[PDB]
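**Q** Sharing a structure, written as structure tokens. Questions coming.
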Amino acid sequence: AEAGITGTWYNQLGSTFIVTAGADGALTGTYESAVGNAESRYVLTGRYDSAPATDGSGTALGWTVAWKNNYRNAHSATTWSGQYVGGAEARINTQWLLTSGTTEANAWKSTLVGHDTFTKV
Amino acid sequence: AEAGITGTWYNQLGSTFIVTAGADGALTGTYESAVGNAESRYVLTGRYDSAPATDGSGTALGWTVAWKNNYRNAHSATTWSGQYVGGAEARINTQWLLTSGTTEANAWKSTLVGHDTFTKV
Amino acid sequence: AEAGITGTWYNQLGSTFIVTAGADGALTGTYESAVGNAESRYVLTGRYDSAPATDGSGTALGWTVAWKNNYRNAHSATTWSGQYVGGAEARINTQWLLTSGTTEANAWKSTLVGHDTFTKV
Amino acid sequence: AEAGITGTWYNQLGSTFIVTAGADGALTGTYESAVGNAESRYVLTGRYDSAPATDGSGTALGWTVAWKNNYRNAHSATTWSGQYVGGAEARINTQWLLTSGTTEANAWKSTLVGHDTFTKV
Amino acid sequence: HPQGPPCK
Amino acid sequence: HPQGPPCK
Amino acid sequence: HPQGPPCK
Amino acid sequence: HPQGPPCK
């Protein structure tokens, strides 16, 4: 984990996320939306289990991205919860929740759910 | 938001979370499990929409807690995705994902889903 | 369960659902959207654990509603997964998934997640 | 849809589900757990949008399985919410919720969330 | 959407 | 689990 | 659980 | 939305 987590990860939609896993569980980095142009970067912050494992389990982690930067404000935030599996073909398998700020009448429809698999390739 | 978010929040299970919302979207604080004894504190980090709103919408936010500190290592992490509604009775309504690190055979059952409503009282 | 489940249930949004729990696990009934006018009814079908319990556990159940009838076609379906707790104040606590049919480019945003608590009052 | 849905579907875990999509939205069939031995079959019931589409959208559907039959009673139920995409390589992409009946103290951890992709091959 | 609250 | 209610 | 993969 | 695929 940690050293294995630090780096660039790509998902099946063309998004790129670059993160540094700190010694004590911190996750810091940026998320880049497709196209890959400057203004597609958002800050991400999260945490991971720095002491995961005699039975080959994955490392639990999660991070959040608020979709606001100096070019866009999508008035929403997404959190990814999942685990890191290292090895020849390491991957981070996640499920995410994307919540948009709504008025109280639309609160019932404010959150979408999905899943993403990130690889180093 | 921001000033309205900073403070102590309590949920319907007896958990307490204290956070500081930074000027540029950062969320930093600690989560305390019930009982309220020292060793029940974990670090939390997240992000929120610092520029939410002419139609009374809530402020989207999310944060993560890895369940490891110097007394416990539950080999899991939880992410909360939701929105902050301020006013007389402010609240943060969330849905969460709790993922435990598992072996690949148990990966299909690694994530639980729930919802929490936090109030200042 | 079964006899305790059969009846009318109401949720915090003003929706009404009337169901019959069959001896062998079947759940059949109709869901009515707010207002309560004729054209607000949709068919629901589901299943429940007909043999739940020496430790006061709830009864797991789930049902589906496709949002199409002879007045409306919202091109979506919702499934509710939860458990029935009987007694003085019986309730069905659920989490739901609402998926809309989308083109492949919007598939990533096709499902919303929420929770509902139904009571007999 | 309907004719395209009727048949046998397999997921990435080795489970098989056989369903009949009725003219008016009904979904009826059986779910078989891996191994493929008799006692691995459970009844499934659901609904789908019988009138989905001039823009190639998928067909929304959902179904429920209560994990009880004459050999096993896992005191739980799962609901799958998703959409059917037909064509050369048809598939049903879903997200599911699995709820177990718990005592009230464990209700917060009663539901797991996942996703499944079913193909005809 | 039919699953929502009254719109009122 | 630390995210739960009191166990009491 | 019956919804899982083979256990094998 | 910035979390989506390319729109292309």
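Scheme for the structure tokens: letters A, B, ... for chains in order shown; per-chain residue numbers from 1; ligand numbers from 1 in order shown.
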Kindly provide the residues of stretch 41-116 of chain A that approach stretch 3-15 of chain A to within 8 Å, each paired with its closest atom pair and their distance in Å to one decimal, based on only C-alpha atoms, listed by chain and increasing number, as CSV.
**A**
residue,atom,partner,partner_atom,distance
A:84,CA,A:5,CA,7.3
A:86,CA,A:4,CA,6.5
A:116,CA,A:11,CA,6.4
**Q** Excluding residue G:8 and residues on its chain fewer than 2 positions from it, collect all residues at most 12 Å away from it, counting only C-alpha atoms, and give them as a ChimeraX atom specification.
**A** /B:105 /D:13-14,34-35 /G:4-6
**Q** How about saving the chosen residues, N, CA and C atoms kept, as a PDB file, in the first residue's frame?
**A**
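The result, written out as out_13.pdb:
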ATOM      1  N   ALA B 105     -11.835 -12.986  -2.917  1.00  0.00           N
ATOM      2  CA  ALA B 105     -13.030 -13.866  -2.877  1.00  0.00           C
ATOM      3  C   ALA B 105     -14.170 -13.195  -2.135  1.00  0.00           C
TER       4      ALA B 105
ATOM      5  N   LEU D  13     -19.618 -13.652 -11.731  1.00  0.00           N
ATOM      6  CA  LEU D  13     -19.291 -14.493 -10.530  1.00  0.00           C
ATOM      7  C   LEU D  13     -19.670 -15.919 -10.797  1.00  0.00           C
ATOM      8  N   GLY D  14     -20.351 -16.161 -11.875  1.00  0.00           N
ATOM      9  CA  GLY D  14     -20.748 -17.559 -12.173  1.00  0.00           C
ATOM     10  C   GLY D  14     -22.219 -17.763 -11.808  1.00  0.00           C
ATOM     11  N   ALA D  34     -23.741 -20.098  -7.809  1.00  0.00           N
ATOM     12  CA  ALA D  34     -22.680 -20.943  -8.424  1.00  0.00           C
ATOM     13  C   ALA D  34     -22.818 -22.401  -7.989  1.00  0.00           C
ATOM     14  N   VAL D  35     -22.085 -23.216  -8.691  1.00  0.00           N
ATOM     15  CA  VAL D  35     -21.990 -24.700  -8.536  1.00  0.00           C
ATOM     16  C   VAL D  35     -23.030 -25.053  -9.605  1.00  0.00           C
TER      17      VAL D  35
ATOM     18  N   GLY G   4     -23.021 -15.060  -3.625  1.00  0.00           N
ATOM     19  CA  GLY G   4     -21.574 -15.017  -3.931  1.00  0.00           C
ATOM     20  C   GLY G   4     -21.084 -15.909  -5.052  1.00  0.00           C
ATOM     21  N   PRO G   5     -19.815 -15.732  -5.380  1.00  0.00           N
ATOM     22  CA  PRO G   5     -19.113 -16.595  -6.356  1.00  0.00           C
ATOM     23  C   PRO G   5     -19.064 -17.996  -5.750  1.00  0.00           C
ATOM     24  N   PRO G   6     -18.539 -18.927  -6.510  1.00  0.00           N
ATOM     25  CA  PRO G   6     -18.223 -20.226  -5.915  1.00  0.00           C
ATOM     26  C   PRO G   6     -17.257 -19.883  -4.760  1.00  0.00           C
TER      27      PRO G   6
END
**Q** Do you know which residues are at most 12 Å from residue H:1 counting only C-alpha atoms, after dropping those on the same chain fewer than 6 positions away, and could you put them as a ChimeraX atom specification?
**A** /A:33-34,40,66-68,72-78,98-100 /C:106,108-109 /H:7
**Q** Taking only C-alpha atoms into account, find every residue of chain B that has an atom no more than 9 Å from chain C, and write it out as an MDAnalysis selection string.
**A** chainID B and resid 95 113:115
**Q** I'd like the interatomic distance between atom CA of residue A:119 and atom CA of residue A:92, to a tenth of an Å.
**A**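 Computing it gives 6.8 Å between the two atoms.
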**Q** What does the distance from atom CA of residue B:28 to atom CA of residue B:57 come to in Å, to one decimal?
**A**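 These atoms are spaced 23.0 Å apart.
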**Q** Return as a PyMOL selection string the full set of residues in stretch 20-119 of chain D whose backbone-based DSSP assignment is strand (DSSP E or B).
**A** chain D and resi 20-21+26-32+41-48+59-68+73-85+91-100+111-119
**Q** Could you give me, as a ChimeraX atom specification, each residue of chain B that DSSP assigns to helix (DSSP H, G or I) when run on this structure's backbone?
**A** /B:38-40,104-109
**Q** With C-alpha atoms retained, could you export that selection as a compact mmCIF listing (two decimals), in the first residue's frame?
**A**
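The file below, selection_13.txt, is the result:
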# COMPACT_ATOMS: atom_id res chain seq x y z
CA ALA B 38 -10.06 9.41 23.89
CA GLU B 39 -9.33 6.35 21.75
CA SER B 40 -12.58 6.86 19.86
CA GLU B 104 -10.54 -11.11 -3.66
CA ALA B 105 -13.03 -13.87 -2.88
CA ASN B 106 -14.92 -11.58 -0.50
CA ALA B 107 -14.55 -8.41 -2.49
CA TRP B 108 -18.18 -8.62 -3.70
CA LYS B 109 -19.35 -8.12 -0.02
**Q** Could you check how far atom CA of residue B:96 sits from atom CA of residue C:58, in Å to one decimal?
**A**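 Taking atom CA of residue B:96 and atom CA of residue C:58, their separation equals 21.8 Å.
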